[PDB]
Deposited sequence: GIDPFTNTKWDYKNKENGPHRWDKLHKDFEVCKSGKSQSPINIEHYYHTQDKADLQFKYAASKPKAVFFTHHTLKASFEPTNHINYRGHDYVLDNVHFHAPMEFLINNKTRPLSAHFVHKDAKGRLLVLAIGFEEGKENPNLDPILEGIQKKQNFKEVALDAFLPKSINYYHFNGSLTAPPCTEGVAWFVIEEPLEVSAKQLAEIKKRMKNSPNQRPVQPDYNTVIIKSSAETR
């Protein structure tokens, strides 16, 4: 059984062999990239939303097909949000104590994932509805203006399927220290961060968008 306990994922199932063999496995440290000033091309179609279900090695909140992201002429339906502690993706070796992943699928079956860091500070109201289920302020969840990193990668969890479009947001969200240990407690006080995977000089663009 696969866990984060103390590189052998490929062994447990042959379905997981790509975890080693893939040349574009995630997460990574974002250190070399291209600046661009091209249109967002990223449109959010988010609303405050109450979960299809809320359940637990990571804390996950799933949703109905109500929230969308449209990228270069294709609609990606929001499936779920889950957390990693520490932040899996590194930005020039800076990681945040917590992260969230927003998972999407298009007509063609393609995957798009949204990642953002958290900053230890003020209480974050967006977390509480989940922590009948209370609705989550998605369209308000995200920063107004985001600087993001976009590149190609894999699932950070098995089967580590690749073909994932990652957009990693620069801005850290804020989380209070009680909330942090609580979710950390919520995840059995067991870390669920895959280490940085081998990076074969991934082509990375830095760009921005308006989430709302």
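Counting the deposited sequence from 1, the stretches lacking C-alpha coordinates are 1-8, 15-19, 70-71, 147-153.
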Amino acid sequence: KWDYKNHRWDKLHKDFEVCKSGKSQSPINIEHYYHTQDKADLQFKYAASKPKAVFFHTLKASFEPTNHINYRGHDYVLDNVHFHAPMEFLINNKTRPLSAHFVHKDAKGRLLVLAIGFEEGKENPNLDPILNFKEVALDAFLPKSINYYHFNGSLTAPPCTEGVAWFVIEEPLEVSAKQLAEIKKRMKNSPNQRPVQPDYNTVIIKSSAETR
From here on, numbers count along this sequence of modelled residues.
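Per the records, residue 40 is among the residues left out by at least a third of the other compared entries, whereas the shown structure includes it. When the two stretches 21-29 and 184-192 are set side by side, the higher mean Cα temperature factor goes to 184-192. Mean CA temperature factor is higher for 61-69 when stretches 61-69 and 31-39 are set side by side in the entry.
When the C-alpha B-factors of 81, 136, 114, 111 are ranked from the entry, the top spot goes to 136.
Ranking 54, 160, 164, 168 by Cα temperature factor from the entry places 54 first. When the modelled residues of the chain are ordered by C-alpha B-factor, residue 101 sits in the lowest third. Sort the modelled residues of the chain by CA B factor and residue 155 lands in the lowest third. For residue 6, the recorded CA B-factor ranks within the highest third of the chain. Only modelled residues enter the ranking.
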